[PDB]
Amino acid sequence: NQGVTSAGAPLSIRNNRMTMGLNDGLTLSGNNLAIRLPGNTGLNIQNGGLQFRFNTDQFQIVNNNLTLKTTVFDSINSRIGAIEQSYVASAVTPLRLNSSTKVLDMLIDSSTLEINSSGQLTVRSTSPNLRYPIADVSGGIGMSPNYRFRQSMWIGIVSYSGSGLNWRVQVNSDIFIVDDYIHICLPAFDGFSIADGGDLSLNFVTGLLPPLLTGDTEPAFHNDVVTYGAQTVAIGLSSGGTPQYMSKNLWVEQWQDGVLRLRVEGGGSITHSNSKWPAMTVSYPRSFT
C-alpha cells in the first residue's frame, strides 16, 4: 500500500526490482537513457540533441528540408554555356558536316581546283588553247619561230612564152617565207628572144626542197588574176654582140596548179636573139589555213 506493485510497459517488476525494456536504438550511457547511433551515417548527438550532418558546400536546409546547393552545378552550367554561346552545328555547301563522324570537309570541283602538297587550295593550271602561228614558245604564249622565218630552196624550170617565142631555163633559187609573205629569189639567167609582151613561168610542181610543198607557194589571192608587185627590170638584148639593156615591166600575174606566172612587158623592142636576165626577187602574200 502506497507502494508500487505493478508497472506498465516498458517498465517491469521482478522481486521488488524495477527494470526497463529497450529496443535497438535506445541504450544505456553512463547512468542515462540515450539514443544509440552505430557507425557514421550522418546522424549525431550534438548541440543538445539529435542532428543530421551534411557537407556544407553541396547541401543546405530550406524550411527544414534537405536541399541541393546551386553552386554544385555551376562548373557544369558554365562549361556548357561556354559552348552554346558559339559552336558549329551545321555547314552550307560547298561545306559539308557529317553530324555523325563529327567531321567537316569541303566540296571542290576536281577539274578546276586542287589541293597543294602543302595542303593549300589552288587553281588547276590549265594549258591554254593555241592556234598556229600562235604557240608555246619556251614556256609562254608566243609566236611560232616558224611563222617568223622559214628557209628553203627551189631547183626548177623557168619558161618564157610570148607571141610564139618559147624556151626554158634551169635555175637554182633560195626561197624565204616570212610572216604572211613568200620570197622567191631568182638568180641571173640567160635566155633567148623575148616579145614585146609575154609570160615567165615558174613551175613549182617539181623541184621544191622537202619539207616544202607545191601548195606552200599558193598566193593568198589563190588563183585570181592580179597585177601584184609590179616593178621595172633591165634585160640585156643582143645578137651575140654587146647587149643593149631594155627596161621592162614585170609583175606577178597569176598562180595556177603550182605554176606561178609573171608578166613581162613594156619598154619597146629591138631585133635580138639572146637575152641576159638579171637576178629578180619575187614576193607575194601567201595562203594559209
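The first residue of the shown sequence is 1; numbering continues from there.
If you average the C-alpha B-factors over 99 to 107 and over 177 to 185, the higher value belongs to 99 to 107. Per-stretch averaging of Cα B factors for 229 to 237 and 256 to 264 places 256 to 264 on top. Of the candidates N129, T217, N172, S161, the one whose C-alpha carries the top B factor in the deposited record is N129. Going by the entry's values, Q120 shows the largest Cα B-factor out of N203, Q120, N146, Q151. Ranked within its chain, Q46 lands in the middle third, by CA B factor from the PDB record.
Per the PDB record, residue ranking by Cα B-factor puts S6 in the lowest third of the chain. In this PDB entry, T289 carries a Cα temperature factor that places it within the highest third of its chain's modelled residues.
When the modelled residues of the chain are ordered by C-alpha B-factor, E114 sits in the highest third.
Ranked against the other modelled residues of its chain, the C-alpha B-factor of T271 as given in the entry falls in the middle third.
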